[PDB]
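>>> coordinates only, sequence not included:
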RNA sequence: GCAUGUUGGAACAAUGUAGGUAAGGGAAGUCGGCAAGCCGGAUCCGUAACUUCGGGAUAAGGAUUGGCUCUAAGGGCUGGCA
RNA sequence: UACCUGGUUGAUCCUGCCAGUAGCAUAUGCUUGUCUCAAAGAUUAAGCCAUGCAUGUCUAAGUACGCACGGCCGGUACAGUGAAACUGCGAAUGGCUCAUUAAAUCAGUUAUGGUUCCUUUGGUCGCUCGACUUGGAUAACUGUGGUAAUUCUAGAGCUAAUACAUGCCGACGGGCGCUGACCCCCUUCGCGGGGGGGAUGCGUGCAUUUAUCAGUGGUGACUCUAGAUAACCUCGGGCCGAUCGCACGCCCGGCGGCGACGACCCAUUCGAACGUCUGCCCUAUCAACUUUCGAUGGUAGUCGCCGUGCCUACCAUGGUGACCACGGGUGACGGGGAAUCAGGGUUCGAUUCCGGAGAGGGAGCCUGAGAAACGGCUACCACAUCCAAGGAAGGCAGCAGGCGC
RNA sequence: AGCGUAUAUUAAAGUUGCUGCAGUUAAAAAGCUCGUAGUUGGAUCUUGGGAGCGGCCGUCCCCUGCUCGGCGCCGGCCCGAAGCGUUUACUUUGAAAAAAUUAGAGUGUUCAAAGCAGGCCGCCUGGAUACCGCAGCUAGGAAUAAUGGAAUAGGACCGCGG
């Protein structure tokens, strides 16, 4: 196949690097993983040194860190948005490191509405019809209501994130390599990074 | 190479083993253990060549099955066990405890010690590794994992441990003017105090070790092993005492001993 | 006036999106008795191939040379000059071995013909294994 | 603009005139590859002998030739900028 | 040993070479009384091989109803030897030779802070808050057979594991933080404000990742380790002893020492790989060369156990060399060394002592920690073997020895 | 119990010449000058003084500083330790430089090629050195060849003020 070597090409001056030996087993290069989105299926590959490598094939979930409160949850991946260098990976939904994905807003919405006890998302016109969190919001004690108010005061979020929680599709990046370790970990884009990627999205669209 | 070595050549050997060329072609390969390859000396060679008890290799195998030789707090019956710097080889039947100390030349010196002296030995630590919950683990010169140490035990400070329990008794702090056995390179087996410390960033620091006979020599930081606090050794010393006298004086003392003997 | 590439360029240590209401610059020392210039602290440049504000280890051999080319970006080409004594004919011969050295963008006002200190590091590219430590000016040229 | 150019209908002999198709070999027939037949355009790589250095040269030679649906690059007007 | 003679002319001095002269390591020829040692398919033929061989191992401490044998008092299977096996390790070293091979290998020198690592040693083997031991396939054996024929084979009767999977008694009764009903205390007429005890539920050990805050020990140097918070624990799945053996004892059913093996994680030994400075044979009837099927750099991915256009999209048009880059040849593996030899120099080195290469020429591949292994696997070409003409198989530049030279 | 001969090669050579070649008449100055790389290059920057022991002559000590502390002593002096005080080549020293090999301490294999042995009526030793040019590092001095200061003055220093 193909391997990692320096002797196959020419020198810096221009000479020809002629070899002095045949093949080696450690000189070996495997093809890419090229994972997709779908049902859970991960292959394993035994590598040099008695170690294992988890190659992902299809994965529809992911763990993404929200950097302000530093708390991550398992979050469903629904769509691939944009890649920087290769624009063909925007069309062909192939996940590698440093790609933008749409993720669901419901686990972080449930965490916010359970801990902070404040309405997250909730476009004006549709009230809470099952009435599950409305009991947890009200019916509190007088001495703990001050602690709830102090937690309520330090809970300001920006409008650029508020619109994304309104639509229910957050943006996220890829930090861990899915081919090397197996886990597709990442983080949520915030602030100037989110403005930069949304400016690239707007420049691609119109 | 496709794999490790199984055999060992007699020519590929250091100078201090004193292995001659005529007797053998294939050298006894030492097994893997705490000490290095060239630093140690095998037990079968130490039995048949240096002390000269047995002659053939099968006799050492017949001896070691009856479990006579005890190595530094353990009855070890391995003929190719690496026995290196500051090891105590105890024999219960003959009652001759030996201590491995370098001579004033590059060779070792056979020295018999009391059982009270064989109860302890001197060792050196290398580093302090941080555990999974902030637990300091000592790294000795031949990998003795002992955790929860004393905070005064630094890198250059040496400790005095016990064989059967593996616990410290005393410690020699790395200070100026302490006796140091320089073990490495050309200046091998030297006794002298530290009269000057010179620092060097990047590389290791050079130390001007001075013997109290009008002799001084500079040696890098790797060949440092202090034994006592200034002028107080807690070990017994063999003949030679680390003088580093000249070859003309050695020839004169040899001629004087020859004229005294006859 | 940064990030002309397609991807987002940043330092992996700093964090700029915490709960607030100028970003502080992150740097580390190189050691071996050296200091840092004021422009490296005051600037806002980012480069991962930097000993101070980056991730590379300077160790091994420390050599010197002279700068002769500044055509390629983010790197310079140096040229060593030394002699050697031949035991057969008791005269000297000429030797030179040129090499490419990565150039940190903090060194702004650098001209050709100045003495440069190179330091061995990990191979970042095919024929570059050295970084720039300090640049000293030649004779004169106060302007 | 025209109603097949001094005529219409019928069957489909041989031999004529003009065309093509032809298993296999491929100028071995004949003064005579005569006639007849093959190659064919565009893009890309690439090119000898001799030379009045201009020609050779398209030398000799090779690979590609659809449908459907996308991505990237190159401009005017107004008030570093939209 | 820092050293000489003769020869051009009718005759004499210079230059010029020739004739010898003294060695080393190969063959040939004469002769070869003894003894200590003692080289010998390197030169052309890395071309092919008739013949025999070069890789096996049990202790009471893995599995033994082979009577193949054995103690008899057999009955609680079990004294022991024990063919043939399963299971675990090595088989990845050694030897041969210089074709290929001239910044390549190789010699002082060093760094992996940019990574792995069999075995041994030292730890680790009641940290988790949850069956007086559960399940079925099979090797060895017997028996029906085919095949010119292979160290080529199946259906049946069977049976075991330190082989394959699922998962318990105890430690274990209580702590750590998130959630918090509700009560109670101090001041105020009371709400408001402050401060302790606390019903119920959740997770709560190491291995792995993501990301924030803070900063015990050490380094010339941290984005090294560690502290806190929040989740991950991939079914192609990290650990959390459903193991074997010799003599043995004290208290109402329970209790305990001396062994072998394995395992989450770390140090160490043995190494391999990756590096940087310096050194090399000739030739200018070789002066320009290298490239968009990367030549010289960057951003972001892929890959590798790590650091690299190694491979990918887009930008810049660079880089080396007259101190000989590049190409061609070498009757060229490299170094330590050997010979003649004054001092200086010349030639050879394939060889034991060190490092790399490969098993007719290539191509690709499994297994295991370590192999592109070679007396490992498969395909093409050449050489080339048996045959019921249906088909099968091999690669001595190993030991002795042969063919051609 | 050793030689003649043949094939590769060394000294003889100052008949290849750094030690150590010639160029009128033997082969060897381009017909001739200019000319870029390369070689090499005028002079020139601290010139002896103080103390001791002998017979002006040989030896011996002196002619860059300030943060932390110990031979200490009475706000001060001495010295102990880190830091830094243009840069080379050469020279002095140290670190480091597998064995065998070359010279060889010891050395009755009866001598030698050897070898690292062995000898005293229970014991004692030796089993080293020279060699390892160049490459990298550490410690002295500044003769030799380069090397920089301030003259469109943004030259030092000492007291400053915002």
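On my side now, so go ahead. Residues are numbered from 1 along each chain as shown, chains lettered A, B, ... in the order given.

>>> any idea which strand is longest in chain A?
strand A:71-82 (DSSP state E).

>>> now do the buried residues in whichever helix or strand comes after that strand.
Toward the C-terminus, strand A:71-82 is succeeded by helix A:88-91 as the next helix or strand (DSSP states H and E). For helix A:88-91, a neighbour-count test (16 or more other Cβ atoms under 10 Å in any protein chain shown) marks residue A:89 as buried. For every residue, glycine as well, the C-beta is placed using N, CA and C.

>>> so what's residue A:27 up against?
A:3-5 (Cβ atoms under 8 Å, 6 or more residues apart in numbering or on different chains).

>>> buried residues in stretch C:117-130?
Neighbour counts over stretch C:117-130 (16+ other Cβ under 10 Å) mark C:117-119, C:121, C:128-130 as buried.

>>> how many neighbours does residue B:224 have?
22 (other Cβ atoms under 10 Å in any protein chain shown).

>>> find the nearest non-adjacent residue to it, please.
residue B:180 (6.0 Å; Cβ to Cβ, 6 or more residues apart in numbering or on different chains).

>>> neighbours of residue 32, how many?
If you meant another chain, say so; for now it's chain A. Residue A:32, neighbours per other Cβ under 10 Å, totals 9.

>>> try again with chain C
For residue C:32, using other Cβ under 10 Å, the count is 12.

>>> from chain A, how far off is it?
Noted for residue C:32: a distance of 29 Å to chain A, by Cβ to the nearest Cβ, to the nearest Å.

>>> show me the contacts for that residue.
B:201-202, C:58.

>>> of those residues, keep whichever come out buried.
For the contacts of residue C:32, buried by 16+ other Cβ under 10 Å: residue C:58.

>>> which of the contacts of residue C:32 sits closest to RNA strand F?
Nearest to RNA strand F out of those is residue B:201 (Cβ to the nearest atom of the strand; 7.3 Å).

>>> how about the residue nearest to the closest one when sequence neighbours are not counted, secondary structure?
Excluding its sequence neighbours, the residue lying closest to residue B:201 (Cβ to Cβ, 6+ apart) is residue C:32, at 5.2 Å. Under DSSP: H, G, I helix; E, B strand; the rest coil, residue C:32 falls in the coil class.

>>> and the helices in chain B?
Along chain B, the stretches classed as helices by DSSP state H are B:43-45, B:57-64, B:115-118, B:247-261.

>>> could these go into JSON lines alongside distance to chain C and mean neighbour count?
Formatted as JSON lines, these follow (distance: least, Cβ to the nearest Cβ, whole Å; neighbours: other Cβ atoms under 10 Å in any protein chain shown):
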{"stretch": "helix B:43-45", "distance to chain C": "39", "mean neighbour count": "21"}
{"stretch": "helix B:57-64", "distance to chain C": "46", "mean neighbour count": "14"}
{"stretch": "helix B:115-118", "distance to chain C": "44", "mean neighbour count": "13"}
{"stretch": "helix B:247-261", "distance to chain C": "30", "mean neighbour count": "9"}
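
>>> ok, which of the ones you listed comes nearest chain A?
Across those, chain A has its closest neighbour in helix B:43-45 (32.7 Å, Cβ to the nearest Cβ).

>>> pretty sure residue C:112 is touching residue C:68, no?
Yes. Using Cβ atoms under 8 Å, residue C:112 is in contact with residue C:68, at 5.8 Å.

>>> wait, doesn't the residue nearest to residue B:224 sit right on residue B:228?
No. Applying Cβ under 8 Å as the test, residue B:180 and residue B:228 come out as separate, 9.2 Å apart.

>>> domain map for chain A?
A:1-30, A:31-105+A:169-206, A:106-168 (CATH domains of a matching chain).

>>> need the distance between the two termini of the shortest one.
What it means is domain A:1-30. The first residue of domain A:1-30 is 8 Å away from its last residue (Cα to Cα, to the nearest Å).

>>> go on, the longest one?
End-to-end distance for domain A:31-105+A:169-206: 36 Å, by Cα to Cα.

>>> of all residues in the stretch 51-200 of chain B, which one is closest to RNA strand D?
residue B:200 (49.4 Å).

>>> now that residue: how far from residue B:124?
Applying Cβ to Cβ, to the nearest Å, the value for residue B:200 to residue B:124 is 21 Å.
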